Protein chains: 8
Amino acid sequence: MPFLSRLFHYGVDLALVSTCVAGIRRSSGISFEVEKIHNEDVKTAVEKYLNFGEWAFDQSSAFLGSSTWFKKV
Amino acid sequence: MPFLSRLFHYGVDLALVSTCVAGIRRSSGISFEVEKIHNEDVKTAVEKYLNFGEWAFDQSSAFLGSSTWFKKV
Amino acid sequence: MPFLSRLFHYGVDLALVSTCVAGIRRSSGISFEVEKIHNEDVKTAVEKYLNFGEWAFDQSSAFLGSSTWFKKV
Amino acid sequence: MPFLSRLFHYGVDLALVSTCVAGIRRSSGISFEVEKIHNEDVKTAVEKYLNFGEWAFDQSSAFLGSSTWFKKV
Amino acid sequence: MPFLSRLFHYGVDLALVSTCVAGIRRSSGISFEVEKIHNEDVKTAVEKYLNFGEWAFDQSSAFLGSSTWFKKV
Amino acid sequence: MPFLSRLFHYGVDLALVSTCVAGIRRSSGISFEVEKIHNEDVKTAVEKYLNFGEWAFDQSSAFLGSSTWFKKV
Amino acid sequence: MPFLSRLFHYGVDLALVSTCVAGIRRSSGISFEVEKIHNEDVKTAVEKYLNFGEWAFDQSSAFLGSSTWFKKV
Amino acid sequence: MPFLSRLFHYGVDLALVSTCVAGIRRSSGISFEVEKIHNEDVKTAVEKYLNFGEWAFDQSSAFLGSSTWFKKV
Ligand SMILES: CCCCCCCCCCCCCCCCCC(=O)OC[C@H](COP(=O)(O)OCCN)OC(=O)CCCCCCCCCCCCCCCCC
Ligand SMILES: CCCCCCCCCCCCCCCCCC(=O)OC[C@H](COP(=O)(O)OCCN)OC(=O)CCCCCCCCCCCCCCCCC
Ligand SMILES: CCCCCCCCCCCCCCCCCC(=O)OC[C@H](COP(=O)(O)OCCN)OC(=O)CCCCCCCCCCCCCCCCC
Ligand SMILES: CCCCCCCCCCCCCCCCCC(=O)OC[C@H](COP(=O)(O)OCCN)OC(=O)CCCCCCCCCCCCCCCCC
Ligand SMILES: CCCCCCCCCCCCCCCCCC(=O)OC[C@H](COP(=O)(O)OCCN)OC(=O)CCCCCCCCCCCCCCCCC
Ligand SMILES: CCCCCCCCCCCCCCCCCC(=O)OC[C@H](COP(=O)(O)OCCN)OC(=O)CCCCCCCCCCCCCCCCC
């Protein structure tokens, strides 16, 4: 559970990019092909970046859902 | 204002925020309650901003789906 | 009521600066001395920038207050 | 981590967000409910981020109050 | 007075770049050779950008000097 | 943590601010009141941040001077 | 709205992206599929954005070449 | 593989600058004279930054080429 330190590590714009990429996978099934990265340590780093977006997507949906300005349809 | 001009007007930060909000709606059903905005001119402006993110989400999805670095499930 | 167009005009960081300046005035009484600006059109432009921060402060407090993650003490 | 190091770690964007949240608390009473965070490690990280904004709000207030371009009421 | 509108058009980072270029000219004499640009459209745009930085340098100096956190040495 | 990483640690925004502050000092004499900082660790960190700007100002001056688009006046 | 304002209209992030895309085209031949855009107004706007990057690439090339810190190899 | 960590350390704008510098070298031959830096600390930092841009140029080319939105001409 380092996800918050990684928000500051990646920065706002790259954190938002990863969160968008996760949102794309969730509704369309379009997913980065992590198994086509040759080097293992790079695959681990890429997966860390993408997995942060997945976590951030879940945290962001929960936060917006906590506001009376949003509703679940 | 066309969608591309809106991207440049909002800037990358706020464009990504709106795109992420759209992704949350598509997967979560959690939707901004546009109707609860009382002023009709503010309602219109907020709708333009959110609708930009819906467009950008779909354009981004199509672009990633256009690349062999993404798989499709 | 152009305040939203001005968010995009000023940009994220300068919009946040103005909102912070308004928050400072609200709790400390420390306020920019607008009447010491010689030229009238500049005073009008500076007041527009500061007044946007005052509006944005009010909109932001209302939004956070709409979330169950915040409470009024 | 000292407050200045936190500024550089968070970056200007997120530092201003936290400073604005602190300003909202001081004037509105609207306060982030830190206690509702269940994980103790996440609670600590969020508290560090919000407490940075409280510090930055007071440092900013003092700096503006140090200038003849600001009046005091 | 187009300088304040130029700040918002340029944004913070490009505004600071121009102000640093002005500072470099003031202390070293190293100056951009605008007279070598013969496309007058390009020349006028470059002149407006550089002249903004010269104005911003003078306003920034005055503001910092207005603060007890700075001293004229 | 060395000096040579500080551009990326401070980030572009705050590195430009420090460089701007240095340029202001060089031709106006307006200088940050380091003597008013009474925690020696904070003073050291502030001195590092300001001196990075002084160094960056000197390097940027030399780089612009190395270009035939600039002339010493 | 002229060409010479587009740096500030697109902003630094997206101007750098366009410039990067142009550099990729110049040495790899990999080129954006303008022919796949079938709204003529959108095609024109995309062509303007891409050609700004081509122009900026040529200007930046010439500027770096004007410096004694760069050599033609 | 330090290049991905370098992206996050440098941030998007400085990462794109380095990638454009690499693109300029590839198409024009205009190359930074790293051999003129004799402070080996500074030299190594500059080399790491420029070498990142060279790697990023190759990865960015490959990614764009992987898309049906680009064609090799
Ligand atoms: C706009 C993008 C968000 C920008 C924030 C990011 C940085 C902030 C920059 C400084 C502060 C920004 C101030 C701008 C706030 C916009 C206010 C607004 O446009 O909405 C006003 C609307 C009025 O409602 P009305 O019925 O007329 O009430 C009258 C009495 N006020 O009342 C409301 O609508 C209240 C709720 C605001 C809804 C506007 C857009 C909301 C959709 C995006 C929410 C995303 C939250 C961020 C989380 C990111 C997670 C990915
Ligand atoms: C892992 C490797 C990663 C390396 C990548 C980085 C390499 C550096 C260069 C990458 C640049 C990406 C390619 C940019 C080419 C510009 C293409 C373009 O302008 O878009 C054309 C497209 C028109 O498509 P059309 O369907 O006809 O229009 C629909 C209705 N308007 O219009 C569109 O579809 C616009 C879609 C924009 C949605 C984005 C909103 C969020 C902002 C993201 C910021 C970064 C994205 C850059 C967008 C370029 C702007 C044009
Ligand atoms: C951190 C700064 C905000 C960054 C957003 C700006 C750009 C977003 C970048 C991409 C998306 C960012 C994703 C990061 C979200 C952080 C999530 C987090 O740290 O909080 C997790 C916390 C866990 O709670 P727990 O009891 O453990 O629940 C277990 C099941 N999840 O659950 C929660 O705490 C839920 C509420 C989140 C509280 C974290 C900080 C909130 C205080 C700032 C709110 C400001 C909202 C922005 C409005 C600006 C107006 C000025
Ligand atoms: C209208 C005209 C406007 C023109 C202005 C623009 C001109 C360009 C240059 C302006 C730069 C402003 C002055 C920068 C000088 C650096 C001084 C510094 O580093 O701060 C010293 C201060 C130490 O004070 P002390 O009380 O001893 O510490 C308390 C416990 N730590 O530590 C502090 O107090 C730090 C306070 C930081 C709080 C800011 C958080 C939000 C981020 C804002 C981004 C811009 C602010 C730049 C901050 C400089 C970073 C050091
Ligand atoms: C210039 C880029 C330097 C950095 C390159 C690094 C690679 C990545 C950078 C890409 C980012 C996009 C940059 C936009 C380029 C602007 C083009 C320009 O203004 O060129 C004007 C001038 C034209 O000279 P010309 O008359 O055509 O040549 C005579 C030959 N017969 O030719 C010139 O050289 C005049 C330039 C004046 C600017 C001086 C400021 C020095 C540092 C500026 C950095 C930011 C640029 C902001 C310029 C805004 C100008 C409106
Ligand atoms: C350099 C700034 C140019 C723009 C100036 C515009 C004014 C505002 C800019 C201020 C922003 C802060 C910039 C940080 C400055 C970095 C200093 C540096 O790296 O200089 C290294 C090199 C030293 O050369 P040296 O051996 O000391 O001279 C021999 C004399 N006996 O001397 C050098 O010149 C090497 C520089 C290599 C970078 C080439 C890239 C060209 C465009 C870079 C723009 C962004 C800079 C990123 C550099 C990161 C390097 C780690």
Side-chain angles (χ1 to χ4, degrees), chain A residues 1-32 34 43-67 69-70 72, chain B residues 10-32 50 53-54 56-57 60-61 64 70, chain C residues 12 16 63-64 67-70, chain D residues 6 9-18 21 32-34 36-39 41-50 52-53, chain G residues 13, chain H residues 4-5 7-9 11-12:
Chain A
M1 181 65 108
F3 284 124
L4 182 72
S5 90
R6 292 218 309 256
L7 165 65
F8 308 123
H9 176 54
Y10 300 145
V12 165
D13 284 329
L14 289 176
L16 283 166
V17 166
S18 188
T19 309
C20 284
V21 169
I24 289 167
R25 186 192 68 84
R26 303 270 187 114
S27 59
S28 80
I30 295 163
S31 324
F32 185 86
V34 53
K43 186 180 307 139
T44 297
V46 170
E47 284 187 306
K48 283 180 182 190
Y49 173 73
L50 297 170
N51 287 343
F52 163 86
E54 298 278 345
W55 169 87
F57 184 89
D58 285 330
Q59 302 301 311
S60 297
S61 54
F63 178 71
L64 297 186
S66 78
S67 162
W69 279 107
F70 290 82
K72 192 213 175 311
Chain B
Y10 299 153
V12 165
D13 289 317
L14 295 174
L16 278 162
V17 170
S18 180
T19 306
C20 188
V21 170
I24 290 161
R25 188 186 73 81
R26 303 284 187 91
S27 170
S28 95
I30 295 172
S31 312
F32 186 92
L50 293 175
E54 299 278 338
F57 185 80
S60 296
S61 308
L64 303 187
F70 282 75
Chain C
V12 165
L16 283 166
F63 178 71
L64 297 186
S67 162
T68 54
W69 279 107
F70 290 82
Chain D
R6 276 184 221 168
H9 183 56
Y10 299 153
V12 165
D13 289 317
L14 295 174
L16 278 162
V17 170
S18 180
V21 170
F32 186 92
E33 268 181 16
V34 176
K36 284 264 150 262
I37 298 173
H38 284 168
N39 182 260
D41 276 357
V42 171
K43 185 181 182 183
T44 306
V46 171
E47 263 179 327
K48 283 173 185 174
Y49 172 74
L50 293 175
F52 165 86
Chain G
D13 296 329
Chain H
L4 203 70
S5 37
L7 165 63
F8 299 129
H9 273 300
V12 165

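Every chain is numbered from 1, with letters handed out A, B, ... down the list of sequences.
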Hey, are A:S27 and B:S27 close enough side-chain-wise for a donor-acceptor pair under 3.5 Å? no
Quick one: closest heavy-atom pair of [X] and [Y], and the distance?
{"X": "B:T19", "Y": "B:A15", "value": "OG1-O, 2.8 Å"}
{"X": "D:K43", "Y": "D:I37", "value": "N-CG2, 3.4 Å"}
{"X": "A:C20", "Y": "B:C20", "value": "SG-N, 3.8 Å"}
{"X": "C:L16", "Y": "D:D13", "value": "CD1-O, 4.0 Å"}
{"X": "A:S66", "Y": "C:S67", "value": "OG-OG, 2.8 Å"}
{"X": "D:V46", "Y": "D:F32", "value": "CG1-CE2, 4.1 Å"}

Is a side-chain N or O of [X] found less than 3.5 angstrom from the main chain of [Y], in a donor-acceptor match?
{"X": "B:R25", "Y": "B:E54", "answer": "no"}
{"X": "B:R26", "Y": "B:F57", "answer": "no"}
{"X": "D:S18", "Y": "D:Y49", "answer": "yes"}

Under a 4.5 Å cut-off applied to non-hydrogen side-chain atoms, are D:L14 and A:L7 in contact? yes
I'd like to check D:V42 versus A:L4 (side-chain heavy atoms, cut-off strictly below 4.5 Å). Are they in contact?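 D:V42 vs A:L4: side chains apart.
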Report the distance from atom [atom1] of [X] to atom [atom2] of [Y], rounding to the nearest 0.5 Å.
{"X": "A:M1", "Y": "D:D41", "atom1": "CE", "atom2": "CG", "value": "9.0 Å"}
{"X": "A:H9", "Y": "D:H9", "atom1": "NE2", "atom2": "NE2", "value": "9.5 Å"}
{"X": "B:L64", "Y": "A:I24", "atom1": "CG", "atom2": "CD1", "value": "4.5 Å"}
{"X": "A:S60", "Y": "A:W55", "atom1": "OG", "atom2": "CH2", "value": "8.0 Å"}

State whether the number of non-hydrogen atoms from other residues, nucleotides or ligands found under 6.0 Å of D:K36 atom NZ is greater than 12. no
Should the ring pair D:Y10 and D:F52 be called parallel, tilted or perpendicular, given that the plane angle runs from 0 to 90° and is split at 30 and 60?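 D:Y10 and D:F52: perpendicular rings.
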